[PDB]
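*Asks:*
In the entry's author numbering, the protein residues as written are 1 to 40.
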């Protein structure tokens, strides 16, 4: 969905607007932290 794809694009602002509150926002942030610059 758009949430998943916005994580993969590394745009953390979009976690809030495109992901459901709770685990899907957490998962968006954790993906970014795991695999986006400057975390990697």
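Cβ coordinates follow ideal geometry from the N, Cα and C atoms, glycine included.
Do residue 3 and residue 18 have their C-beta atoms within less than 7 Å of each other?
*Replies:* Yes, they are a contact pair.
*Asks:* Exposed or buried, residue 8, counting other C-beta atoms within 10 Å across all chains shown (16 or more means buried)?
*Replies:* By the 10 Å Cβ count, residue 8 comes out exposed.
*Asks:* Could you give the DSSP three-state label for residue 21: helix, strand or coil?
*Replies:* Residue 21 falls in the coil class under three-state DSSP.
*Asks:* Using 8 Å for Cβ pairs, my map puts residue 31 next to residue 39. What's the rounded Cβ distance?
*Replies:* Actually they are not in contact, since the Cβ atoms of residue 31 and residue 39 sit about 10 Å apart, beyond 8 Å.
*Asks:* Using three-state DSSP, classify residue 10 as helix, strand or coil.
*Replies:* Residue 10 falls in the coil class under three-state DSSP.
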